[PDB]
J.: 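My questions all concern the structure below.
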Amino acid sequence: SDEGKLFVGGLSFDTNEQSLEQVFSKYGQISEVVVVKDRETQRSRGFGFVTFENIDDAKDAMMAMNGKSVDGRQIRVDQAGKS
Ligand code: NI
């Protein structure tokens with residue numbers, strides 16, 4: 001629902017909020033970054049969300065990062081959908 005929020009998928013098992021912030025901050029100011037984890041075990045589900053303060057920056061980041069390699073894995077970047 002938030003057009004400034006990007007889904008980032010296909011993460012390596014050890015990719016964390018630090019690597020996402022460093023990568024995506026090139027495109028503008030970031031308000032929230034999260035790697036989604038199992039609640040009980042805290043194991044990464046291999047995707048996350050990056051929210052930009054400015055929606056145009058999210059669009060820029062999607063075009064620039066979708067398909068690019070992070071920690072050896074080609075990531076998928078899309079506007080975050082509902083859920
Ligand atoms: Ni790694």
Side-chain angles (χ1 to χ4, degrees):
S1 180
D2 183 336
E3 236 162 56
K5 183 154 129 192
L6 297 182
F7 165 91
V8 187
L11 308 181
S12 76
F13 89 129
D14 62 324
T15 288
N16 50 18
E17 283 85 351
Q18 170 179 168
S19 57
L20 292 180
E21 188 169 359
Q22 298 188 12
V23 167
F24 281 82
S25 66
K26 174 162 160 202
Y27 305 104
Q29 307 83 69
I30 288 174
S31 55
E32 177 201 304
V33 53
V34 58
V35 170
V36 173
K37 289 165 151 67
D38 191 273
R39 193 169 310 128
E40 212 200 345
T41 65
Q42 297 296 331
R43 185 156 303 276
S44 173
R45 299 256 293 250
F47 68 95
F49 299 99
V50 177
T51 303
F52 288 91
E53 304 203 331
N54 185 324
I55 270 169
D56 296 341
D57 293 347
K59 169 69 164 165
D60 289 357
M62 187 178 73
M63 305 295 280
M65 288 303 307
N66 186 39
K68 293 297 148 279
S69 188
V70 177
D71 194 30
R73 305 279 295 289
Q74 166 177 50
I75 65 171
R76 306 181 277 286
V77 183
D78 186 21
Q79 302 281 345
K82 279 186 247 287
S83 58

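One is the number of the first residue; the rest follow in order along the sequence.
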J.: Nearest 0.5 Å, please: how far is NZ in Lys37 from CG in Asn16?
T.: 7.0 Å
J.: Strictly distance-based, threshold 3.5 Å: is any side-chain N or O of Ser31 a donor or acceptor partner for the main-chain N or O of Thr51?
T.: yes
J.: To the nearest 0.5 Å, tell me how far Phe13 CZ sits from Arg73 CZ.
T.: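 Reported to 0.5 Å precision, the distance equals 10.5 Å.
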J.: Are any of the side-chain heavy atoms of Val77 and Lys68 separated by less than 4.5 Å?
T.: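 Of all side-chain heavy-atom pairs linking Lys68 with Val77, none is under 4.5 Å.
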J.: Can you tell me how far CG of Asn66 sits from CD1 of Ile75, rounded to the nearest 0.5 angstrom?
T.: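 These two atoms lie 7.5 Å from each other.
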J.: To the nearest 0.5 Å, tell me how far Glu3 CD sits from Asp56 CG.
T.: 9.5 Å
J.: Among the clusters formed by ILVMFWY side chains lying less than 4.5 Å apart, do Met63 and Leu20 turn up in the same one?
T.: yes
J.: When rounded to the nearest 0.5 angstrom, what is the spacing between CZ in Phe7 and CG in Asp78?
T.: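 One gets 7.5 Å once the value is rounded to the nearest 0.5 Å.
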J.: Looking at every non-hydrogen atom in both residues, tell me the closest pair between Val50 and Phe52 and how far apart they are.
T.: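 Closest approach of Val50 to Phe52: CG1-CE1, 3.8 Å.
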J.: Answer whether the closest heavy-atom distance between the side chains of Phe24 and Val8 falls below 4.5 Å.
T.: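 Touching, per the 4.5 Å side-chain cut-off.
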J.: Rounded to the nearest 0.5 Å, what's the gap from CE on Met65 to CG on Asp60? Could you check?
T.: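 It is 13.0 Å, given to the nearest 0.5 Å.
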J.: Over all heavy atoms of both residues, which pair between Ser12 and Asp71 is shortest? Give the atoms and the distance, please.
T.: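 Answer, listing the atom of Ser12 first, then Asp71: OG-OD2, 2.6 Å.
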J.: If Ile, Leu, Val, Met, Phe, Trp and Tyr residues are connected whenever their side-chain heavy atoms lie under 4.5 Å apart, and connections chain through other members, are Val36 and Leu6 in the same group?
T.: no
J.: Looking only at heavy atoms, which two atoms of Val35 and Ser44 are closest? And how far apart?
T.: CG1-OG, 3.3 Å
J.: Ignoring hydrogens, what is the shortest heavy-atom contact between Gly4 and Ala58? Give both atom names and the distance.
T.: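 Heavy atoms of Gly4 and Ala58 come nearest at O-CB, 3.5 Å.
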J.: Which pair of non-hydrogen atoms, one from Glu17 and one from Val33, has the smallest distance, and what is that distance?
T.: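 Shortest heavy-atom separation between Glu17 and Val33 comes out as CG-O, 3.5 Å.
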J.: Does the side chain of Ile30 come within less than 4.5 Å of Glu53's, by heavy atoms?
T.: no
